[PDB]
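> Here is the input, now give the coordinates:
(chains A and B, ligands or ions: 2)
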Amino acid sequence: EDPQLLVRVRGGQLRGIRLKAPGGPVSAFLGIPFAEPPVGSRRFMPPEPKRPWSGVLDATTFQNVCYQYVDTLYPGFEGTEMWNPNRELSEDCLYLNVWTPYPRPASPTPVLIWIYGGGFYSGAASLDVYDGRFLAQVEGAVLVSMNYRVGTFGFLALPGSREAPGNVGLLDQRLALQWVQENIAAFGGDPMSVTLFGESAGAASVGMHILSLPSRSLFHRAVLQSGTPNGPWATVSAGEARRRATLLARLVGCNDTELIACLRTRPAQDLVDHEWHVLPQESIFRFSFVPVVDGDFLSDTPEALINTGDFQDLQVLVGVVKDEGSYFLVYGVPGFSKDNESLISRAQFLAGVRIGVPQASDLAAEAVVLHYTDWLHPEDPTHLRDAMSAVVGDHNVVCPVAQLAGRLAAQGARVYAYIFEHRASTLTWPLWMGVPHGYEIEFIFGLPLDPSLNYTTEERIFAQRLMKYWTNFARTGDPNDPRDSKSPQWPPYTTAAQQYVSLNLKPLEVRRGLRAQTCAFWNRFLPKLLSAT
Amino acid sequence: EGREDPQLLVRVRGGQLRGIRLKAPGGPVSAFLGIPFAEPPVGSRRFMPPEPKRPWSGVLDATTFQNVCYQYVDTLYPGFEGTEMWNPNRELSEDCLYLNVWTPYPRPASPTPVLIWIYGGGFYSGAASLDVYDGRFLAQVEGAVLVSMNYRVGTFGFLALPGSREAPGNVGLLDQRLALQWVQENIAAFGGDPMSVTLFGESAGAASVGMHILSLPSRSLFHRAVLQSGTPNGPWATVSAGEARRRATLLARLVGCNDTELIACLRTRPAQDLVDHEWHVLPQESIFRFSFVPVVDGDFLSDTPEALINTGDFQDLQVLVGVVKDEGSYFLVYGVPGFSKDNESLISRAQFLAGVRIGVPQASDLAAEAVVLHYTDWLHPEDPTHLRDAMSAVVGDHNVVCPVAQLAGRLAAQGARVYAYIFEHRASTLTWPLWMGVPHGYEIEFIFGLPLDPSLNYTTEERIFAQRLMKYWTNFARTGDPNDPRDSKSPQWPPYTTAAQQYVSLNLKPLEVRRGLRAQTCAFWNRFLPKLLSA
Ligand SMILES: *[C@@H]1O[C@H](CO)[C@@H](O)[C@H](O)[C@H]1NC(C)=O
Ligand SMILES: *[C@@H]1O[C@H](CO)[C@@H](O)[C@H](O)[C@H]1NC(C)=O
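Residues are numbered from 1 along each chain as shown, chains lettered A, B, ... in the order given. Ligands and ions are numbered 1, 2, ... in the order given. Right below this line is the structure:
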């Protein structure tokens, strides 16, 4: 009985496990429950705090993954399987994981809290790419990650109802943050220095905690990687959530109370079977059950909230990867596949645009096509393919990120921005996808420090750099090494100068304007084109 | 006769002519100035098509320029060469249908290719007698036969009540065609070759050239065309029949006036009265818009220029087309607040959004906003220098550069041999401020070879550059190809194609080939904007 691995939290005693990290040992406490299991009549409901337990609870293994769709499109392929559940599915999934250094920190240590992506329909805090042992070992970070309910179970809402009020998956996240406040000191974490970070839907969740007042007293800094609370995919309105839930119920054969009660009688897989049948158009980068503008968790649209919010005592790191859109095209755009070069025709490109911008009218879609066509080479298959990627990435990620960066800076927040430009050498996906959505994560979490993974020696050095920016940012609100002259420095992003840095194998380079002309099209013009039509 | 220079006496269909021996730098040239080619379009002939000049008796003295067609005179900057050079330099009169011929001296031995110049000035001004149009240098240095004609401008040339008999519209274009017919019949008396006639012109002159390409009765009158900073298509070169009726009716009311009665009343009005009100008829506050221009009558122009270029057969056609570096800058001082020739015209963002409404007068609110969003530099959105240069580019691109691109592309796709240039050298002698860069109209003096006149103060480099441009123009007139057959040392000017979109830079440096004539921006004006305005 290693007394390093024995902790008393408010609910009772936990036994962690000592894990091996390349530079030494770390204490991991995995599968710690923070809520009553949301099963039975607790489906679709806000999470209740976990009841106190007796004796010593075993926290040496990851718990179950929240019930979700499992990707099947490319069976056995590591590029997709890395994002698949790596534990048993269950609605009993409300557990978090803590990594600390070994021995546990002598003094209060900044806490990083990770919130996975997966489009609000998948994900799990147990995937290898979220392994927190490296950050814990190399940087002395206390790292926390939680499971939260996804798909219908987290986000199915009949707005205004008692038994499906929406956003419960975010409330799951809020409870896990509350748990960190009440318990993290026992692990040597500092509850007065909590940084949230997350990628894709994980980032938009971070953003919603920024935009929801009850969350604001649970953290101090935020990192948003390749996702935002604003934009076309992260929220739906009350009316459109109501519609999708009602439609899903009809599809599984089911007064709000009565509708939800019948939904509760249904096996988990039955709800998942019809998850994808509720979207109003054929689309990519669009997800069925996502946070809803409820007037409660979200008092208004993210758009309204970021426009009018006051962000004075807030520090934020935001960024994108070089190729945010490539990945998505293979999931419904005719002419795209990982198994060839996906060189498309012009006609395929116009059709791809109606799918990438499913909300777009004929004219708006025309505007998109005309803007992304290279008129020097209008029919060049390579350009058309790269443009299709760009349309999707810009519309869903880069331009929403630029908008967020701008509003926050203008409203007093301290903002740092990046673009991630290094393609992992170990990448399973073909070269034309470049640096795809999600492939910065393994570098930030420090996987290349694991020799058995076959990352190049330069990639290991790169990983070390990124863990430093992230943890420096967690420590101080500033990603710059405070005891290191020469970098050159990573400057704050501001609306005037619009400075941001490239992260790649070469040293930091400062650029200005994050797709400034193109984001002006998405952020300023396009809204006017639809709002008149 | 008996005592005159025997080489200056020529006979044409209308009678005998006496011309003048003129000094050019390399030697003498023959000029025949102010040859009548129509009956004076005066009195009951105002607004009417031209009738050919009736034969005269005796020897017509053809030694001086004749009247300039009645027109508005620019007074914005009195005394300033920049504006004065474009102003009438002979008496204003409705009796103005005269033409000019320069030939080598003595007149050439074998039939020589003919260049016909059609001046610009928005269809409200111009004259073939202006110094920048002096054909003496092309005649002496290149051996060219050069012809230029006066044609009616303003109300006298374009006021139309479409369908009527007393004001059919496009009569200024008919003046031009008559002078083309005069060249067919008479040019051989001067040693000119009626089987090698090339039209060239700038601005409205270029629009005019393009309209002769699109109007079949003019087609048999010439073989090749150069269009300099202007096209028959685009937003200013033509009006609909409806809009011309509207403007002609309004102008009638303003001077206090059934189509026959209206026109008969307008005929009793003095010429100056009409000029005094010609600017009061435009539908909006604008720049680069002119009141009385060619009308789509379904006769001279059987359909819109845009329709005619999209469906025409241009297999047999050779065209040279191009633009200057700063097409729009000139236009900004005549109506956009914030701009002047006397300061850097550094403007604010507000002055930019207002300038866009005036420069794109036909744009709705959405389109205006589209224009503004496209031309804004979102890194420095409030920067005055950028806003100044963007305002210029908006006006240049909308009116000249993008219409030219549309033209080159549509003509090429459909058989024509098209050569394309951008002219980028600013005259050392220019009197407009530096911010205006290379303004509209300022390549003309180089094409015509004025820098060859020692007394004009051009650099030696400019004199050489001018000779190069004279070479290209006359090669293209001669053969349909601007390149020198011998000279394989000098880089080649490739044709413009839809596939490759090639064009050359014209400056002091050897020809450099560039690709894509403002390709991205022109997709906005030519593909996007029309759709936006259909909603
Ligand atoms: C330059 O001159 C114009 C016209 O006189 C004036 O309106 C403008 O304000 C001046 N520009 C500046 C800011 O110096
Ligand atoms: C050209 O330069 C000379 C010498 O300065 C001057 O006397 C003459 O008037 C100039 N001619 C112009 C301004 O065209």
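
> where along the stretch 401-533 of chain A do the helices fall?
For the stretch 401-533 of chain A, the helices defined by DSSP state H, counting those that start in this stretch occupy A:441-444, A:457-476, A:516-520, A:526-531.

> which helices and strands sit right next to the longest one?
Here helix A:457-476 is seen to pack against strand A:109-115, helix A:133-139, strand A:189-199, strand A:221-225, strand A:315-321, helix A:441-444 when contacts are counted using 3 or more Cβ pairs under 8 Å, 6 or more residues apart in numbering or on different chains; DSSP states H and E. Just so you know, the C-beta spots here come from the backbone N, C-alpha and C atoms, and that holds for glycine as well.

> Dump those to JSON lines, plus mean neighbour count and distance to residue A:452.
Shown next, in JSON lines, are those (neighbours: other Cβ atoms under 10 Å in any protein chain shown; distance: least, Cβ to Cβ, whole Å):
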{"stretch": "strand A:109-115", "mean neighbour count": "26", "distance to residue A:452": "23"}
{"stretch": "helix A:133-139", "mean neighbour count": "24", "distance to residue A:452": "13"}
{"stretch": "strand A:189-199", "mean neighbour count": "22", "distance to residue A:452": "24"}
{"stretch": "strand A:221-225", "mean neighbour count": "26", "distance to residue A:452": "26"}
{"stretch": "strand A:315-321", "mean neighbour count": "26", "distance to residue A:452": "25"}
{"stretch": "helix A:441-444", "mean neighbour count": "24", "distance to residue A:452": "14"}
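
> Kindly confirm my reading that residue A:229 is in a strand.
No: counting by DSSP: H, G, I helix; E, B strand; the rest coil, residue A:229 is not part of a strand but coil.

> How about the secondary structure of the residue nearest the centre of chain A?
Centroid-nearest residue in chain A: residue A:202, 2.2 Å away (criterion: Cα atoms, centre = their mean). Following three-state DSSP, the label given to residue A:202 is helix.

> ok, it - contacts?
Neighbour list for residue A:202: A:114-118, A:123, A:225, A:227 [criterion: Cβ atoms under 8 Å, 6 or more residues apart in numbering or on different chains].

> can you tell me the residue of the stretch 401-533 of chain A closest to ligand 1?
Per Cβ to the nearest ligand atom, residue A:496 is where the stretch 401-533 of chain A lies closest to ligand 1, at 21.7 Å.

> What is the neighbour count of that residue?
Counted with other Cβ atoms under 10 Å in any protein chain shown, residues neighbouring residue A:496 total 12.

> Give me the phi and psi angles of it.
phi -60, psi -70 (degrees, to the nearest 10).

> excluding its backbone neighbours, what's nearest residue A:148?
residue A:172 (3.9 Å; Cβ to Cβ, 6 or more residues apart in numbering or on different chains).

> for chain B, what are the nearby residues on chain A?
Contact residues (Cβ under 8 Å from any Cβ of the partner chain) of chain A with chain B: A:363, A:366-367, A:370, A:373-376, A:498, A:512-513, A:516-517, A:519-521, A:524-525, A:528-529, A:532-533.

> Narrow those residues to those in strands?
The members of the residues of chain A next to chain B that map onto strands under DSSP state E are residue A:512.

> could you flag which of the residues of chain A next to chain B are buried?
Buried residues within these, counting neighbours by 16 or more other Cβ atoms under 10 Å in any protein chain shown: A:363, A:366-367, A:370, A:373-375, A:498, A:513, A:516, A:519-521, A:525, A:529.

> for stretch A:14-31, how far is the first residue from the last?
End-to-end distance for stretch A:14-31, by Cα to Cα, to the nearest Å: 10 Å.

> Report the distance from it to the chain centre.
Its chain's average C-alpha position is 25 Å from that of stretch A:14-31, according to Cα atoms, centre = their mean, to the nearest Å.

> Quick one: residues in contact with it.
Residues outside stretch A:14-31 that contact it (Cβ under 8 Å, 6+ apart): A:2, A:4-8, A:32, A:56-63, A:95, A:97-102, A:104, A:126, A:132-134, A:136-138, A:187, A:449-451.

> and the residue lying closest to residue A:467 once chain neighbours are set aside, what is it in contact with?
Leaving out its chain neighbours, the residue that sits closest to residue A:467 by Cβ to Cβ, 6+ apart is residue A:446, at 5.1 Å. By Cβ under 8 Å, 6+ apart, the contact list for residue A:446 reads A:134-135, A:138, A:463-464, A:466-467.
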